[PDB]
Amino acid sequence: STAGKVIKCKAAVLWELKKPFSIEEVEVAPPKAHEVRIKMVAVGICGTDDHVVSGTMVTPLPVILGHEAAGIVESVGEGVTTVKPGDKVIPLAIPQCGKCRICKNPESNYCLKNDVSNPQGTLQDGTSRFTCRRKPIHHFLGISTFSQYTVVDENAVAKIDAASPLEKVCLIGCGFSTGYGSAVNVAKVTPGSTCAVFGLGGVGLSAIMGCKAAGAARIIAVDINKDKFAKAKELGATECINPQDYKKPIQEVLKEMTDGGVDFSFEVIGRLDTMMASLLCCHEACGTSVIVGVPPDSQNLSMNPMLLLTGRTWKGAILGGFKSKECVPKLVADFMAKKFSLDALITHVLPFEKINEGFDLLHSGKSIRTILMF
């Protein structure tokens, strides 16, 4: 069998920054108390993974990235009770310990057990389960899904519908939920409102989805890559504009187009200039601007407090404000009920081994979501 013993398998290891992933053989130690070992089936490529590669988002190296996945439970550790061998699961990039001041808070989701605030690169108990040639490998967001097998904490995995198309539902682990929820939960987009979405990757496009589902009258998609416009309009964008086409700042362009500014703006890129423009594009007296994109480490904005004093609301969120373990299975249950489709987001599918090609596709601007099959 496999249960109880160290598994030898392949995973995409990142030894140095700005380097290609190296699929090597890694040793995956068995699950400990309240931990779960999962056999990865599908994993999507998110901009956040690329941020680590570029050194934009700091995390301890060497490390095994990936966090937008789905697989089957191989073994359960001592005391696990929510999932069992053979169950279909989605590992949670943000856990739900249930005992947190935040977890007990019906309005928030950023559990204290997260490894995002002060990245250690381990499991919640302070240790690693990965080894590549006698050297320990760090975990990423507590789930490290760019591996054929991974051990995560029990509160960091949710059991989903067994009839789930894992190659599709994996996007619910980050991309879709983050995008959709930012519009629905965080911003609370009102019917008949006007929205602005900067960034048309998988997360940004899911935000347009959330805006349409919320009944937005107008949904202006913004991106320097025009090839994304078709997918944008398909998913709900009333209009698409490219900043490169105008002589004046995009915020002014947008304000001119919407009688002073949009009701809800979203930044789904991860840049300071677009974050500012996004805040500046919502109406100064009633606009709400949500930060979705992850900005480069240790880079600060230069903001005027007056921009808020007039009546603006500026907020941010992780995973669309969704409590992970509790909502993820619910989102999957809504997918199975044809509430929303994930197909338009998936443009490419390659085998796990072609991971580096998947990142090349992202940089090319040709893909939205590329799913890696194990």
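The first residue of the shown sequence is 1; numbering continues from there.
- Relative to its counterpart among 341-349 and 45-53, 341-349 has the higher mean temperature factor, C-alpha atoms as listed in the PDB entry.
- Comparing the deposited coordinates for 246-254 and 133-141, the stretch with the larger average C-alpha B-factor is 133-141.
- Sorting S75, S289, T194, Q96 by the CA temperature factor given in the entry leaves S75 at the top.
- Listed residues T82, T178, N304, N109 were ranked by CA B-factor as deposited; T82 comes out on top.
- Looking at the C-alpha B-factors along this chain, the one for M276 belongs to the lowest third.
- Annotation for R37: C-alpha temperature factor in the highest third relative to the rest of the modelled chain, per the entry.
- Split the chain's modelled residues into thirds by C-alpha temperature factor. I208 is in the lowest one.
- Sort the modelled residues of the chain by CA B factor and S117 lands in the highest third.
- Ranked by Cα temperature factor within the chain, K330 sits in the highest third according to the deposited record.
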